[PDB]
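Novice: I'd like to ask some things about the structure below.
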Amino acid sequence: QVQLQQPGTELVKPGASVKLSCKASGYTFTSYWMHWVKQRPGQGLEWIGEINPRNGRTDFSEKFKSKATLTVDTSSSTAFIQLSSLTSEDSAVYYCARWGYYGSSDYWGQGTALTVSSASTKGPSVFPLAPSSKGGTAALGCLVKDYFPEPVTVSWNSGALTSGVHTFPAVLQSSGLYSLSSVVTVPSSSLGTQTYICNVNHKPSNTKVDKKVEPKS
Amino acid sequence: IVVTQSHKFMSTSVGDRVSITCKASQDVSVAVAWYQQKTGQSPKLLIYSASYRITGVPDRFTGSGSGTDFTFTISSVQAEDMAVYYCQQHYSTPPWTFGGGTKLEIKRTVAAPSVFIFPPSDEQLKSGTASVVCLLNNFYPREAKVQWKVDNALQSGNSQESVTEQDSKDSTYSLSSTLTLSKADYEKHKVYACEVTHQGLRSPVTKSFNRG
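Protein chains in written order, with our numbering: chain E, 58 to 274; chain R, 18 to 229.
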């Protein structure tokens, strides 16, 4: 019954400030400290700070005593973190968590994925990765390039092809736009018969692309 | 108070036992907690005060230790147990530091990658940029190296790669690497190759194409 509710994502420009929320329910909000925790892609958890909603008492890790401000709204059982003068380094998932009666973080929110970037919202271009010509099993795919922000979704043959597909994590290019690849392995005896199409959907820019992938001539 | 997990990665097998260690820089009596975080999800508290399980946590998860050295144990491992595990001290005063985490992987037999190279499409080449892609499919263990050669000149700083998580059905990894060049640069060279090094190949394997 204890739940901590956080928004999914937040996108802001460098130099801006942002206020992240965590709405608590199923317990007496003022009876437990609230904690915040940062996690950058593929890295470990990093404790940020804590607030006592009864007290207003707060504490921060060394690295964050200058960057964040903790507040609560007891009438709405919500805790907030405000992060100032943001840079790309601050892009991360930020979790709120309840500190238990004896300590330990016994309940967690789903986290807010914060992206700090100056890049414009933009849908991707989709290019075929054509199966080699000169075949027991062959590979093919599509390269999904130059979109912002995450995510895109990729399927094959409008959902009919799921076995053998690998869709790689997106990488951030120096331009500040993302790129990913999706590939699939198929019996090459079916290359001159079977049609392969990737279906790319990018909801943030309302862009949808269907790219046939064929052997070249 | 510094809390350290000395092993970032551990390989195990289904049905086996595995132990993860956490060492505190001071005596924290038994105030140590352990969290499981599966790919894409929020951390989940499994054990607090070194040995006490949260209601509903499966029986195969246990913890022990006192003072300064602490152990998390899975009595027998199930497939759904692959995740990163974290310790945290919760004794007396902040900062409530986390350990660096320990990621669990399934061990299996060595498997060489299948390698494929893909030239840029004509569609992209019209836009003024060329992406060459090299795919390493279904290999184990994770560690693998891709070297781009352009007329046998080794390339540096103009490629990016990404890796899948371990496949749940066959326990392999896959990796793609992307060489990006300006169209002008791509057209002034002829032979494009990626050379792959991996424990399952007794020699590095090359795939290549001529721009024509």
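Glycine included, every Cβ here is placed at the ideal spot set by N, Cα and C.
Can you give the Cα-Cα distance for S93(R) and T119(R), rounded to whole angstroms?
Specialist: Here the question's residue 93(R) lines up with position 76 in the second sequence. Here the question's residue 119(R) lines up with position 102 in the second sequence. Spanning the two alpha carbons is a distance of roughly 17 Å.
Novice: As a quick exercise: from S88(E), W93(E), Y84(E), pick the residue whose alpha carbon is nearest that of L77(E).
Specialist: By 1-based counting over the first sequence, the position of residue 77(E) is 20. Checked all of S88(E), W93(E), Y84(E); the closest Cα to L77(E) is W93(E).
Novice: Could you please tell me which residues of the stretch 106-117 of chain R, in chain order, have their CB closer than 7 Å to any CB of chain E?
Specialist: Those residues of the stretch 106-117 of chain R that come within reach of chain E (Cβ to Cβ, closer than 7 Å) are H107, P111, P112, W113, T114, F115, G117.
Novice: Take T131(E) as the anchor and find which of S161(E), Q96(E), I108(E), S145(E) has the nearest alpha-carbon.
Specialist: Position 74 of the first sequence, counted from the first residue, corresponds to residue 131(E). Nearest C-alpha to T131(E): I108(E).
Novice: I'd like the list of long-range same chain contacts for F225(E), defined as Cβ closer than 7 Å, with 5 residues on each side in sequence excluded.
Specialist: Counted from its first residue, the first sequence places residue 225(E) at position 168. So the qualifying residues of the chain are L237, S238.
Novice: Give the straight-line distance between the Cα atoms of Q53(R) and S185(R), rounded to the nearest whole angstrom.
Specialist: Here residue 53(R) corresponds to residue number 36 of the second sequence, with the count starting at 1. Here residue 185(R) corresponds to residue number 168 of the second sequence, with the count starting at 1. Their backbone Cα atoms lie some 18 Å apart in a straight line.
Novice: Hey, residue 236(R) and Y159(E): beta-carbon distance below 8 Å or not?
Specialist: The structure shown does not extend to residue 236(R), since chain R is modelled only from 18 to 229, so the question has no answer here.
Novice: Helix, strand or coil: how does DSSP classify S30(R) here?
Specialist: Looking up residue 30(R) in the second sequence gives position 13. Three-state result, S30(R): coil.
Novice: Which residues, in order along the stretch 145-171 of chain E, keep a beta-carbon less than 9 Å from a beta-carbon of chain R?
Specialist: Under the 9 Å Cβ criterion, the stretch 145-171 of chain E contributes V150, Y152, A154, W156, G157, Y159, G160, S161, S162, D163, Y164, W165, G166, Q167, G168.
Novice: Could you give the residue range of the beta strand (DSSP E) that holds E182(R)?
Specialist: On the second sequence, residue 182(R) is found 165 positions in, with the first residue counted as 1. Unbroken run through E182(R): none, as it is neither H nor E.
Novice: Identify the continuous beta strand (DSSP E) that holds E122(R) and give its terminal residues.
Specialist: Numbered from 1 along the second sequence, position 105 holds the residue referred to as residue 122(R). Here the beta strand (DSSP E) through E122(R) covers 119-123.
Novice: Here's the rule: buried if 16 or more other CB atoms are within 10 angstroms of the residue's CB, otherwise exposed. What is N227(R)?
Specialist: The residue given as residue 227(R) occupies position 210 in the second sequence. With fewer than 16 other Cβ atoms within 10 Å, it is exposed.
Novice: Only counting runs of 3 or more residues, tell me where the beta strand (DSSP E) segments fall wholly within the stretch 151-206 of chain R, in order along the chain.
Specialist: DSSP runs (the beta strand (DSSP E)) wholly in the stretch 151-206 of chain R: 162-167, 176-180, 190-199.
Novice: Could you name the residues that DSSP lists as bridge partners for residue 7(R)?
Specialist: Any answer about residue 7(R) is impossible in this case: the structure gives chain R only from 18 up to 229.
Novice: From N175(R) to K200(R), what does the alpha carbon distance come to, in whole angstroms?
Specialist: Here the question's residue 175(R) lines up with position 158 in the second sequence. Here the question's residue 200(R) lines up with position 183 in the second sequence. Each residue's Cα considered, the two are about 14 Å apart.
Novice: In chain R, what lies closer than 7 Å to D116(E) by C-beta?
Specialist: The count along the first sequence starts at 1 and reaches residue 116(E) at position 59. Correct list: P111.
Novice: Of all Cβ atoms in chain E, is any one closer than 8 Å to the Cβ of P130(R)?
Specialist: Here residue 130(R) corresponds to residue number 113 of the second sequence, with the count starting at 1. No, no contact with chain E.
Novice: Give the straight-line distance between the Cα atoms of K124(R) and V35(R), rounded to the nearest whole angstrom.
Specialist: As a working note, residue 124(R) is residue 107 in the second sequence. As a working note, residue 35(R) is residue 18 in the second sequence. Roughly 12 Å between the two C-alpha positions.
Novice: Excluding five sequence neighbours on each side, which residues of the same chain lie with their C-beta closer than 6 Å to the C-beta of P64(E)?
Specialist: Walking along the first sequence from the start, residue 64(E) turns up at place 7. For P64(E), where only same-chain residues beyond five positions count, the Cβ hits under 6 Å are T169.
Novice: What did DSSP end up calling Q43(R) once you bin it into helix, strand or coil?
Specialist: Along the second sequence, one-based indexing puts residue 43(R) at 26. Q43(R): coil per DSSP, three-state reduction.
Novice: In terms of DSSP beta bridges, what is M91(E) paired with?
Specialist: Here residue 91(E) is taken as the residue at index 34 of the first sequence, counted from 1. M91(E) pairs with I108(E), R155(E).
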